[PDB]
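Trainee: Can you read through this structure? Questions will come right after.
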Ligand SMILES: [K+]
Ligand SMILES: [K+]
Ligand SMILES: [K+]
Ligand SMILES: [K+]
């Protein structure tokens, strides 16, 4: 499966792609404003994520830091990113279909559209100004809008028991972005696509 990753932001981002225990494709690349990067993701990939990182510095070797979504200081992510991170999430070729969503469960850093480039399902989008409207207690000094689990580390925000309800904080995310997961047990906003669909992730789509 191909994913075209497109940075429409006025600022540089460092795209990242991982399934948590490994890179997808090269795992990360710089995208200047306007640039497109196409990756190939193995069929059957389960629990993959794509995200943007902001304000990154890398050396020679591909090692450094980012202020949002840093993945163990690698340019080329092999692991998931440090919140806050708006997340494009996908599982491919799961009993005949693909499943995509956007999640704010790990907070929000960059607005995003995640859409098929092939037939037979809708895209999803979270492109509201969550960072600008972020509740004060969730603002990350580093940049972005943290989720409540990240900030407060409670069973209720993190849904540790698998028992949790929506919260004042999750409802903020949901209000701004109805079509993205706002907490672990949110009413799913997952879209079913044909197996082996292809996709475009667009940062700052509007
Ligand atoms: K169709
Ligand atoms: K869309
Ligand atoms: K709400
Ligand atoms: K779910």
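Trainee: Please find, within the stretch 162-175, the residue that is farthest from ligand 3 (Cβ to nearest atom) out of those that are surrounded by fewer than 17 Cβ atoms within 10 Å (Cβ to Cβ) and farther than 23 Å from residue 99 by Cβ.
Mentor: 163
Per-residue answers, yes or no, for (1) more than 24 Å from residue 153 (Cα to Cα); (2) within 16 Å of ligand 4 (Cβ to nearest atom):
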{"position": "49", "(1), (2)": "no, yes"}
{"position": "60", "(1), (2)": "yes, no"}
{"position": "64", "(1), (2)": "yes, no"}
{"position": "69", "(1), (2)": "no, no"}
{"position": "78", "(1), (2)": "yes, no"}
{"position": "81", "(1), (2)": "no, no"}
{"position": "93", "(1), (2)": "yes, no"}
{"position": "97", "(1), (2)": "yes, yes"}
{"position": "104", "(1), (2)": "no, yes"}
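Trainee: Does residue 127 count as in contact with a strand residue (DSSP E or B) (Cβ under 9 Å, 6 or more places away or on another chain) and away from ligand 4 (no atom under 16 Å from the Cβ)?
Mentor: yes
Trainee: Can I ask one more? Quick test for you: out of 117, 85, pick the one residue that is surrounded by fewer than 17 Cβ atoms within 10 Å (Cβ to Cβ), away from ligand 3 (no atom under 16 Å from the Cβ) and closer than 19 Å to residue 202 by Cβ.
Mentor: Result: 117 is the single residue among 117, 85 that is surrounded by fewer than 17 Cβ atoms within 10 Å (Cβ to Cβ), away from ligand 3 (no atom under 16 Å from the Cβ) and closer than 19 Å to residue 202 by Cβ.
Trainee: Six or more apart or on different chains, Cβ atoms under 9 Å: show the pairs whose first residue is in the stretch 100-119 and in contact (Cβ under 8 Å) with a residue 12 or more places away in the chain and within 17 Å of residue 197 (Cβ to Cβ) and whose second is within 13 Å of ligand 4 (Cβ to nearest atom) and assigned to a loop (DSSP other than H, G, I, E, B).
Mentor: Note: pairs meeting the criteria are 100/190; 101/188; 101/189; 101/190; 102/189.
Trainee: Another question about this same structure. Could you check the stretch 109-178 for helices (runs of 4 or more DSSP H) lying wholly inside it with 1 or more residues that are within 16 Å of ligand 2 (Cβ to nearest atom)?
Mentor: In the stretch 109-178, 168-176 are the helices (runs of 4 or more DSSP H) which contain 1 or more residues that are within 16 Å of ligand 2 (Cβ to nearest atom).
Trainee: Restricting attention to the stretch 59-78, which residues are free of Cβ contacts under 8 Å to residues at least 40 places away in the same chain and touching a strand residue (DSSP E or B) at 6+ places or on another chain (Cβ under 7 Å)?
Mentor: 62, 63, 64, 65, 70, 73
Trainee: Could you list all residues from the stretch 192-206 that are over 15 Å from the mean Cα position of the chain (by Cα) and within 12 Å of ligand 2 (Cβ to nearest atom)?
Mentor: Residue satisfying the conditions is 206 alone.
Trainee: Given the options 2, 85, 68, name the one that is more than 16 Å from the chain's Cα centre (by Cα) and at negative phi.
Mentor: Going through 2, 85, 68 in turn, just one is more than 16 Å from the chain's Cα centre (by Cα) and at negative phi: 2.
Trainee: Moving to a separate point now. Tell me, yes or no, whether the stretch 111-118 has at least one residue that is within 16 Å of ligand 4 (Cβ to nearest atom) and over 27 Å from residue 54 (Cβ atoms).
Mentor: no
Trainee: Out of curiosity, is residue 104 touching a strand residue (DSSP E or B) at 6+ places or on another chain (Cβ under 8 Å) and either farther than 19 Å from residue 31 by Cβ or surrounded by fewer than 23 Cβ atoms within 10 Å (Cβ to Cβ) (or both)?
Mentor: yes
Trainee: Looking at residue 178 and the list (1) surrounded by 15 or more Cβ atoms within 10 Å (Cβ to Cβ); (2) free of Cβ contacts under 8 Å to residues at least 40 places away in the same chain; (3) closer than 16 Å to residue 87 by Cα, which single condition is not satisfied?
Mentor: (1)
Computed from the coordinates by the stated procedures, all read-outs in this text should not be read as laboratory data. Positions of Cβ are generated from backbone atoms using ideal geometry, with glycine treated the same way; all protein chains shown enter the neighbour counts.
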